[PDB]
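Asker: Would you be able to build a 3D model of this:
(2 chains)
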Amino acid sequence: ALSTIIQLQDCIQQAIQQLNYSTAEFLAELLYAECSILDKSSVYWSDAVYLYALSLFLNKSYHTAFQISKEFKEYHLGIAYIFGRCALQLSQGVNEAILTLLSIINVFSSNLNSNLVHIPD
Amino acid sequence: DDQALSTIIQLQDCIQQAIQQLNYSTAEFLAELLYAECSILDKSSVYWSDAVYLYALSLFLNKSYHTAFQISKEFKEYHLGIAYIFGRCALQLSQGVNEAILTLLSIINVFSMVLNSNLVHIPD
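Answerer: Numbers count the residues shown, from 1 in each chain, chains lettered A, B, ... in the order given. Coordinates below:
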């Protein structure tokens, strides 16, 4: 049952793209709950975590997305970015974000391609 | 004039790129620059409307709701996105809601000036 979660993630993309906030809260949480059970290391799990964390961060809920991205910052670059921005907003856990973002920078330096919305280059 | 249009287009792509990421102050400055540059061009041309809409969106995004509300109130009828920004500001401040209603009712009833555009956050 991956078509339904793909459709709902695309729906989340469309909703957040329409500058609609707290609409993506329910759908992001639905994706989080659905994908927490199927796997803990699949690409869909990381995608759901990242979309959820984006939804909480953009809806003035920082003290939750903070820890949510803290748990799985090392899996996806967008999760680490959300963690760092929420750390800047809340002035907490700066060092861990520094280490994670330094590590992703060295990966580019040393001799990741998800195209989801609001993903920084 | 040959390069004048290219600069405006490049600036528009720059603002869309900046808004796409969570980079808002740069979007603020770039939208301000485009809005200032577009002053010479006549109100009939689309570019003024797109620049005003982008500036209003950037002002709304930066929590400066009052300035976005005023700017959108100035040219609310020209573009649909300006009306959207007016409605968002009206809900956020509860000021001038009646004008927002008289604009949105007309824009919704007519659909079902400039109505469609390729820019970011163009409402459906």
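
Asker: For residue 119, give me phi and psi.
Answerer: Using chain A. With angles defined as degrees, to the nearest 10, residue A:119 sits at phi -80, psi 120.

Asker: How many neighbouring residues does it have?
Answerer: Other residues within reach of residue A:119, judged by other Cβ atoms under 10 Å in any protein chain shown, total 16. C-beta: built from backbone N, CA, C; applies to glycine.

Asker: okay, how far is it across stretch B:37-53, tip to tip?
Answerer: One end of stretch B:37-53 sits 14 Å from the other (Cα to Cα, to the nearest Å).

Asker: do you know how far the residue nearest to the spatial centre of chain A is from residue A:7?
Answerer: By Cα atoms, centre = their mean, chain A has its centre lying nearest to residue A:50, at 1.7 Å. Distance, residue A:50 to residue A:7, using Cβ to Cβ, to the nearest Å: 18 Å.

Asker: Residue B:29 now?
Answerer: Residue B:29 is 38 Å from residue A:7, where distance means Cβ to Cβ.

Asker: So for the two, which residue has more residues nearby?
Answerer: Remark: of residue B:29 and residue A:7, residue B:29 carries more neighbours, 13 against 10, as counted by other Cβ under 10 Å.

Asker: That one is in what secondary structure piece?
Answerer: Assigned by DSSP states H and E, residue B:29 belongs to helix B:25-37.

Asker: So which bits of that helix are buried?
Answerer: B:27-28, B:30-31, B:34-35 (16 or more other Cβ atoms under 10 Å in any protein chain shown).

Asker: Up against chain B, what does chain A have?
Answerer: By Cβ under 8 Å from any Cβ of the partner chain, the residues of chain A that approach chain B are A:17-19, A:85, A:118, A:120-121.

Asker: In PDB, could you pull the C-alpha coordinates for stretch A:78-90?
Answerer: In PDB, the C-alpha atoms belonging to stretch A:78-90 read as follows (Å, rounded to 0.1, in the frame of the first residue of the first chain):
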ATOM      1  CA  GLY A  78      16.400  18.200   5.000                       C
ATOM      2  CA  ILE A  79      15.800  16.900   8.600                       C
ATOM      3  CA  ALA A  80      19.200  18.200   9.600                       C
ATOM      4  CA  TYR A  81      18.400  21.600   8.000                       C
ATOM      5  CA  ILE A  82      15.100  21.800   9.800                       C
ATOM      6  CA  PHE A  83      16.900  20.800  13.000                       C
ATOM      7  CA  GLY A  84      19.400  23.600  12.500                       C
ATOM      8  CA  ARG A  85      16.800  26.300  11.800                       C
ATOM      9  CA  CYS A  86      14.700  25.200  14.800                       C
ATOM     10  CA  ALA A  87      17.900  25.300  16.900                       C
ATOM     11  CA  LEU A  88      18.500  28.900  15.800                       C
ATOM     12  CA  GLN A  89      14.900  29.800  16.500                       C
ATOM     13  CA  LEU A  90      14.900  28.200  20.000                       C
END
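
Asker: how far out from the middle of the chain is that stretch?
Answerer: Relative to its chain's centre, stretch A:78-90 lies at 10 Å (Cα atoms, centre = their mean, to the nearest Å).

Asker: same question, stretch A:101-114
Answerer: Centroid displacement of stretch A:101-114 relative to its chain, using Cα atoms, centre = their mean, is 17 Å.

Asker: any idea which of the buried residues of helix B:25-37 is closest to chain A?
Answerer: The shortest gap between chain A and any of the buried residues of helix B:25-37 belongs to residue B:27, at 13.1 Å (Cβ to the nearest Cβ).

Asker: now the helices: where do they sit in chain A?
Answerer: Ranges of helices within chain A are A:3-17, A:23-38, A:43-58, A:62-71, A:77-90, A:94-109, based on DSSP state H.

Asker: Just list what the last one packs against, helices and strands only.
Answerer: If contacts are counted by 3 or more Cβ pairs under 8 Å, 6 or more residues apart in numbering or on different chains; DSSP states H and E, helix A:94-109 sits against helix A:77-90.

Asker: Sweet, I'm off.
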